[PDB]
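To start, the structure itself, in structure tokens.
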Amino acid sequence: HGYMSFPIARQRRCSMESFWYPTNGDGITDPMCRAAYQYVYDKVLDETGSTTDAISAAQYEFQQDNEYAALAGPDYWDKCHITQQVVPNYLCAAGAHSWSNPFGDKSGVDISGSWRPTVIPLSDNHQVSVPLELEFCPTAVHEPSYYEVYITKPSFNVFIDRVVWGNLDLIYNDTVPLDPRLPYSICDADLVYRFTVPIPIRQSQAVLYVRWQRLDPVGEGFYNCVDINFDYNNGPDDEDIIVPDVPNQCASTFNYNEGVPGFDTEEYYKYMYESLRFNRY
Ligand SMILES: *[C@@H]1O[C@H](CO)[C@@H](O[C@@H]2O[C@H](CO)[C@@H](O[C@@H]3O[C@H](CO)[C@@H](O)[C@H](O)[C@@H]3O)[C@H](O)[C@H]2NC(C)=O)[C@H](O)[C@H]1NC(C)=O
Ligand SMILES: [Zn+2]
């Protein structure tokens, strides 16, 4: 059992919110965490007609942040078994989408939208990959086990696409060492699974799908979605920097040509809404 602590798992970020009270989820500040709570709450309220069940199902989704799990059985290594029978859908819920069944309903966490990412700064804009030391926060030491990390394909759109096996690429597969936590770790466990993964860079928000799979007959696996984005450096690209190899003039602090219409002036914004008139109905 456990969850991704660095970058933080989507469901772990939600479980740090005040979801216990008020019971309708209005104490949850993050709009996507609040929508995930309210999705399961409204789903269960509409099927059973019981508010107590709606509250319990929605709370369970965030209380079980360390149990986003699925049982694969002895053939946990069989890719088609995982993709078609164990976690065929609702990947960020580890396939759990039924409140009265084992693992409940965590499908609110799998909805699309403006999930808040961990923003990773780039050291250099030509970096193809960023070696990032991932931290998995185990609430129990389960060995033998291994970790797989997937990343969404380059054109994945977090606002509208579901994370599915068809839009995920495997970037890491290894046994990871159980190590001491580094300073300022948000993991509440005493030891952690820390591992250096080369994360492919993206210009838009991506999702890492981390799978912690036990190698045993029961085959319990833990699956978490991790929202990430990349902060590019501003200015000209390093390869386009021509340096000079060889009267007193100064620029002022005056707002040059203030009042003249142009880019980012109110005229430009008003013009844009007229240019987008065919986009409104
Ligand atoms: C990540 O790496 C692990 C470790 O190499 C991969 O697990 C291994 O996967 C292979 C192929 O699915 C398994 O082989 C199969 O074993 C069964 C039983 O012995 C045999 O009947 C098959 O013919 C085949 O040889 C292998 O057992 C398994 N290893 C362990 C320790 O579980 C895993 O597939 C990799 N993940 C991805 C996404 O590729
Ligand atoms: Zn466990």
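Ordering of the structure tokens sets the chain letters (A, B, ...); residue numbers start at 1 within each chain; ligands are numbered from 1 in the order shown.
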I'd like a table as a tab-separated table: residues in chain A with an atom no more than 10 Å from ligand 2, each row giving the shortest atom pair and its distance in Å to one decimal, only C-alpha atoms and all ligand atoms counted, sorted by chain and rising residue number.
residue	atom	partner	partner_atom_place_in_ligand_line	distance
A:1	CA	ligand 2	1 (Zn)	3.0
A:2	CA	ligand 2	1 (Zn)	6.7
A:66	CA	ligand 2	1 (Zn)	8.0
A:67	CA	ligand 2	1 (Zn)	7.3
A:68	CA	ligand 2	1 (Zn)	10.0
A:69	CA	ligand 2	1 (Zn)	8.7
A:138	CA	ligand 2	1 (Zn)	7.8
A:139	CA	ligand 2	1 (Zn)	7.0
A:140	CA	ligand 2	1 (Zn)	5.4
A:141	CA	ligand 2	1 (Zn)	7.4
A:142	CA	ligand 2	1 (Zn)	6.5
A:212	CA	ligand 2	1 (Zn)	9.9
A:214	CA	ligand 2	1 (Zn)	9.0
A:220	CA	ligand 2	1 (Zn)	7.8
A:221	CA	ligand 2	1 (Zn)	8.5
A:222	CA	ligand 2	1 (Zn)	8.2
Selection above as a file: N, CA and C atoms, as a short mmCIF file (atom, residue, chain, number, x, y, z; two decimals), in the first residue's frame:
data_model
loop_
_atom_site.label_atom_id
_atom_site.label_comp_id
_atom_site.auth_asym_id
_atom_site.auth_seq_id
_atom_site.Cartn_x
_atom_site.Cartn_y
_atom_site.Cartn_z
N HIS A 1 0.83 -1.18 0.00
CA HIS A 1 0.00 0.00 0.00
C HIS A 1 0.87 1.23 0.00
N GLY A 2 0.33 2.30 -0.54
CA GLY A 2 1.02 3.57 -0.57
C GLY A 2 0.58 4.42 -1.73
N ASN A 66 -4.02 5.49 -0.29
CA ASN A 66 -2.94 4.49 -0.32
C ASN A 66 -3.41 3.11 -0.86
N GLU A 67 -4.68 2.98 -1.32
CA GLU A 67 -5.19 1.72 -1.83
C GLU A 67 -5.84 1.89 -3.22
N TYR A 68 -5.15 2.58 -4.13
CA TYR A 68 -5.59 2.68 -5.53
C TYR A 68 -4.98 1.48 -6.16
N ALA A 69 -5.63 0.34 -5.92
CA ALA A 69 -5.10 -0.97 -6.23
C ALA A 69 -6.02 -1.82 -7.02
N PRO A 138 5.52 4.30 0.71
CA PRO A 138 4.85 3.05 1.06
C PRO A 138 4.31 3.08 2.48
N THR A 139 3.10 2.62 2.68
CA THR A 139 2.54 2.55 4.02
C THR A 139 2.85 1.12 4.57
N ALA A 140 3.26 0.18 3.69
CA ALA A 140 3.72 -1.17 4.04
C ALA A 140 4.86 -1.57 3.09
N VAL A 141 5.84 -2.32 3.59
CA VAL A 141 6.97 -2.78 2.78
C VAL A 141 6.55 -4.08 2.10
N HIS A 142 6.32 -4.05 0.78
CA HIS A 142 5.95 -5.23 -0.01
C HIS A 142 7.05 -5.59 -0.96
N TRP A 212 3.04 0.06 -9.02
CA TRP A 212 3.85 -0.71 -8.08
C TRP A 212 3.23 -2.09 -8.02
N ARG A 214 3.30 -6.11 -7.00
CA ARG A 214 3.87 -7.18 -6.20
C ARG A 214 4.03 -8.44 -7.04
N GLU A 220 -1.34 -8.23 -6.12
CA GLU A 220 -1.87 -6.89 -5.91
C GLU A 220 -0.91 -5.86 -6.49
N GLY A 221 -1.46 -4.90 -7.21
CA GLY A 221 -0.71 -3.81 -7.81
C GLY A 221 -1.35 -2.49 -7.43
N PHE A 222 -0.53 -1.45 -7.33
CA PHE A 222 -0.96 -0.10 -6.96
C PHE A 222 -0.70 0.79 -8.14
#
Quiz item: So which bits of stretch 5-193 of chain A end up helix (DSSP H, G or I) when you DSSP the backbone, as number ranges by chain?
Solution: A: 10-15, 31-48, 51-63, 79-86, 91-93, 107-110, 165-167
Quiz item: Which residues come within 10 Å of stretch 118-132 of chain A, counting only C-alpha atoms, excluding same-chain residues fewer than 5 positions away, as a VMD selection string?
Solution: chain A and resid 6 to 10 194 to 202 205 to 206 226 to 234 236 to 239
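DSSP on the backbone gives strand (DSSP E or B) for these parts of stretch 34-134 of chain A: residues 69, 70, 71, 97, 105, 118, 119, 120, 121, 129, 130, 131, 132, 133 and 134 of chain A.
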Generate a file of the selected residues that holds C-alpha atoms, formatted as a short mmCIF file (atom, residue, chain, number, x, y, z; two decimals), in the first residue's frame.
data_model
loop_
_atom_site.label_atom_id
_atom_site.label_comp_id
_atom_site.auth_asym_id
_atom_site.auth_seq_id
_atom_site.Cartn_x
_atom_site.Cartn_y
_atom_site.Cartn_z
CA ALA A 69 -5.10 -0.97 -6.23
CA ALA A 70 -6.17 -3.86 -8.38
CA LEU A 71 -5.66 -7.65 -7.94
CA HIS A 97 -15.68 2.45 -10.38
CA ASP A 105 -15.57 3.91 -6.60
CA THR A 118 3.65 19.47 -10.24
CA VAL A 119 5.56 22.01 -12.38
CA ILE A 120 9.11 20.79 -13.13
CA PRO A 121 11.60 23.55 -14.12
CA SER A 129 14.56 14.16 -20.77
CA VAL A 130 14.70 15.33 -17.14
CA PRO A 131 16.19 12.77 -14.70
CA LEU A 132 13.70 13.06 -11.85
CA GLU A 133 14.00 11.18 -8.61
CA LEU A 134 10.52 9.83 -8.03
#
When the cut-off is 7 Å and you count only C-alpha atoms and all ligand atoms, which residues lie near ligand 1, shown as an mmCIF file with C-alpha atoms, in the first residue's frame?
data_model
loop_
_atom_site.group_PDB
_atom_site.id
_atom_site.type_symbol
_atom_site.label_atom_id
_atom_site.label_comp_id
_atom_site.auth_asym_id
_atom_site.auth_seq_id
_atom_site.Cartn_x
_atom_site.Cartn_y
_atom_site.Cartn_z
ATOM 1 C CA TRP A 77 3.175 -10.056 -15.905
ATOM 2 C CA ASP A 78 0.644 -10.793 -18.738
ATOM 3 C CA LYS A 79 0.201 -7.411 -20.523
ATOM 4 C CA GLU A 148 6.667 0.601 -13.976
ATOM 5 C CA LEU A 170 6.363 2.766 -20.900
ATOM 6 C CA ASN A 173 10.662 -0.763 -15.457
ATOM 7 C CA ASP A 174 12.813 -1.721 -12.450
ATOM 8 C CA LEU A 215 5.379 -10.431 -7.545
#
Exercise. List the neighbours of stretch 149-157 of chain A out to 7 Å using only C-alpha atoms; skip same-chain residues closer than 6 positions along the sequence, and give me the result as a list in words.
Key: residues 167, 168, 169, 170, 171, 172, 173, 202, 206, 207, 208, 209, 210 and 211 of chain A
Could you turn the residues from that selection into a file that holds N, CA and C atoms, as a PDB file, in the first residue's frame?
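Dumped everything to part-v5.pdb:
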ATOM      1  N   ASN A 167      -2.878   5.513 -24.878  1.00  0.00           N
ATOM      2  CA  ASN A 167      -2.176   6.793 -24.986  1.00  0.00           C
ATOM      3  C   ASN A 167      -1.074   6.904 -23.927  1.00  0.00           C
ATOM      4  N   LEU A 168      -0.582   5.751 -23.438  1.00  0.00           N
ATOM      5  CA  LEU A 168       0.520   5.670 -22.488  1.00  0.00           C
ATOM      6  C   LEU A 168       1.717   4.981 -23.119  1.00  0.00           C
ATOM      7  N   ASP A 169       2.924   5.468 -22.801  1.00  0.00           N
ATOM      8  CA  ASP A 169       4.208   4.917 -23.243  1.00  0.00           C
ATOM      9  C   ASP A 169       5.008   4.470 -22.033  1.00  0.00           C
ATOM     10  N   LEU A 170       5.539   3.231 -22.017  1.00  0.00           N
ATOM     11  CA  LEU A 170       6.363   2.766 -20.900  1.00  0.00           C
ATOM     12  C   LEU A 170       7.727   3.439 -20.968  1.00  0.00           C
ATOM     13  N   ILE A 171       8.167   4.102 -19.884  1.00  0.00           N
ATOM     14  CA  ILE A 171       9.490   4.753 -19.847  1.00  0.00           C
ATOM     15  C   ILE A 171      10.397   4.155 -18.763  1.00  0.00           C
ATOM     16  N   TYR A 172       9.871   3.313 -17.858  1.00  0.00           N
ATOM     17  CA  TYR A 172      10.688   2.774 -16.782  1.00  0.00           C
ATOM     18  C   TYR A 172      10.131   1.469 -16.262  1.00  0.00           C
ATOM     19  N   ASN A 173      11.013   0.524 -16.004  1.00  0.00           N
ATOM     20  CA  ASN A 173      10.662  -0.763 -15.457  1.00  0.00           C
ATOM     21  C   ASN A 173      11.840  -1.285 -14.638  1.00  0.00           C
ATOM     22  N   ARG A 202       7.768  17.598 -22.174  1.00  0.00           N
ATOM     23  CA  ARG A 202       6.555  17.970 -22.885  1.00  0.00           C
ATOM     24  C   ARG A 202       6.411  19.470 -22.825  1.00  0.00           C
ATOM     25  N   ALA A 206       1.221  16.766 -18.733  1.00  0.00           N
ATOM     26  CA  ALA A 206       1.231  15.330 -18.958  1.00  0.00           C
ATOM     27  C   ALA A 206       0.838  14.596 -17.698  1.00  0.00           C
ATOM     28  N   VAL A 207       0.690  13.285 -17.819  1.00  0.00           N
ATOM     29  CA  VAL A 207       0.394  12.420 -16.693  1.00  0.00           C
ATOM     30  C   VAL A 207       1.390  11.286 -16.661  1.00  0.00           C
ATOM     31  N   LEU A 208       2.019  11.054 -15.503  1.00  0.00           N
ATOM     32  CA  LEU A 208       2.827   9.858 -15.278  1.00  0.00           C
ATOM     33  C   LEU A 208       1.917   8.840 -14.645  1.00  0.00           C
ATOM     34  N   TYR A 209       1.963   7.603 -15.107  1.00  0.00           N
ATOM     35  CA  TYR A 209       1.179   6.519 -14.534  1.00  0.00           C
ATOM     36  C   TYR A 209       2.175   5.593 -13.896  1.00  0.00           C
ATOM     37  N   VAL A 210       2.179   5.542 -12.568  1.00  0.00           N
ATOM     38  CA  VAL A 210       3.126   4.742 -11.798  1.00  0.00           C
ATOM     39  C   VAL A 210       2.423   3.509 -11.300  1.00  0.00           C
ATOM     40  N   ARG A 211       3.007   2.357 -11.559  1.00  0.00           N
ATOM     41  CA  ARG A 211       2.474   1.072 -11.152  1.00  0.00           C
ATOM     42  C   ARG A 211       3.466   0.385 -10.242  1.00  0.00           C
TER      43      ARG A 211
END
Exercise. Kindly give the distance, in Å, that separates atom CA of residue A:25 and atom CA of residue A:184, rounded to a single decimal.
Key: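 Distance between the two atoms: 29.1 Å.
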Quiz item: Pick from A:13, A:106, A:181, A:81: nearest to residue A:59, with only C-alpha atoms counted?
Solution: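 Under the stated criterion, the closest residue is A:106.
Ranking A:114, A:175, A:11, A:29 by their shortest atom-to-atom distance to residue A:93, with only C-alpha atoms included, puts A:11 first.
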